[PDB]
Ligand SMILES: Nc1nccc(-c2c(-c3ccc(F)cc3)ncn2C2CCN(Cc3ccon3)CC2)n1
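Single chain ahead, written as C-alpha cells, the form deposited without this ligand.
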C-alpha cells in the first residue's frame, strides 16, 4: 500500500498549496491523520525543504502547525504536518458566505496576531488570503492558524535587523484578489502588504464579494490588469460604505505605512477591540460556525 516515510498512508488530495499538492494522510503507527505536501524531487525550483525550515523557525508560535516529518521519496520531496480543521474560506462558505460582525472582529484580532508573530521572526507571508488560515481541532478549535510559507521570505537581517532593500518593477506572484496595491505596482513587498491584504480579507468577509472579484477577460494578464485598476479606482471609503469606519481606518492606515515601517500592530488590534466592546459583544470565542 502507498506509504511515504514508511509510516504515513497516502489519501485523497485535499487542496493545492504553493508549488505543491496537499494530501490527506494517516499515521499508521498512531492512527493520527496528517497533511502531506508533495513536491517533485526533480523540480528546477525546489522549495519544500525551505518551507519546512521556515516552519521549523516558526515552531512554538501560537497558531503555527507542527511538522511531523520531512524527507524525500520516489518522485517527491515530502513534508508531513499536523492536520488542522477547515479553512476560513471553507467556513465562510459553510456560513452561506456571510459572517457576523462579531466573528469578523474575533478573526481580525487573531489574524493580526499571526501576522505580527511571523514578522517578529523576520519573515513576511506574502500570500495572506482566506484559504491560508485554518482553525484548530478540539481544544484548539477557537484558535486561528496560519499556513503556507511557500512564498514567505526574510524582510530583515536576523542579527542587524537591517531591512531588505526597496525594489520596483517586480513581476510578483500572489493571489490577485487580495494583493495589496503596491504589489500590483511592482514594488517589493514588506510588512505593510501582509496587513493590507488582511484588510481586503476583512472586507471580503463583510461583503461576500469584492468589487474587483468576478471580472470578465480573455488573457490572464489582462484579467489581472482589470483587477488592478478596479482595485485602484475603488476608494477605501466607497469599498467600506455602510460598515463601521474601523475597517476603512484600518485599510487607510496600511496603505500609508512606508516600505520599511514597523506596523503599529497594537493600534490596529485596538481599533477592532474598541468597536467590539462598543457593540457590546463578549470575547467568549463563540464564532458563527
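Numbering follows the first chain given and starts at 1. Here, rigid core means the biggest group of C-alpha atoms that superpose within 1.5 Å across both forms.
Below, we refer to the form deposited with this ligand bound, which is not included among the displayed structures.
**Student:** Heavy atom within 4.5 Å of this ligand in the deposited bound form: which of 84, 112, 164, 143?
**Tutor:** Spelling it out, the residue with a heavy atom inside the cut-off is 84.
**Student:** Identify, from the list 118, 179, 198, 80, the residue with a heavy atom within 4.5 Å of this ligand in the deposited bound form.
**Tutor:** By the 4.5 Å heavy-atom cutoff, the listed residue in contact is 80.
**Student:** Using a 4.5 Å heavy atom cut-off, indicate which stretch of 260 to 268, 226 to 234, 30 to 38, 247 to 255 touches this ligand in the deposited bound form.
**Tutor:** In short, 30 to 38.
**Student:** My question is simply whether residue 239 lines the interface with this ligand in the deposited bound form - judged by any non-hydrogen atom within 4.5 Å.
**Tutor:** No, no contact at 4.5 Å.
**Student:** Within a 4.5 Å heavy atom cut-off, is residue 108 in contact with this ligand in the deposited bound form?
**Tutor:** Heavy-atom contact with this ligand at 4.5 Å: absent for residue 108.
**Student:** May I ask you to check whether residue 275 falls inside a 4.5 Å heavy atom distance of this ligand in the deposited bound form?
**Tutor:** Answer no; every heavy atom of residue 275 is more than 4.5 Å from this ligand in the deposited bound form.
**Student:** Residue 188 near this ligand in the deposited bound form, any heavy atom under 4.5 Å?
**Tutor:** Judged by the heavy-atom cut-off of 4.5 Å, residue 188 is well away from this ligand in the deposited bound form.
**Student:** With the partner absent here, would 104, 128 and 207 each sit within 4.5 Å of this ligand in the deposited bound form, counting heavy atoms only?
**Tutor:** Result no, not one residue of the spot touches this ligand.
**Student:** Going by this ligand in the deposited bound form, which residues of 54 to 70 come within 4.5 Å of it through any heavy atom?
**Tutor:** Stretch hits, in order: 55, 67.
**Student:** Once you align the rigid core, which of 232, 28, 238, 62 turns out to move its Cα at least 2 Å between this form and the one not shown?
**Tutor:** None of the others reach 2 Å, which leaves 28.
**Student:** Is residue 13 among the residues whose Cα moves by 2 Å or more between this form and the one not shown after superposition of the rigid core?
**Tutor:** Yes, shifts by 2 Å or more.
**Student:** Would you tell me if residue 258 moves between this form and the one not shown by 2 Å or more at its C-alpha, with the rigid core held superposed?
**Tutor:** No, its C-alpha moves less than 2 Å.
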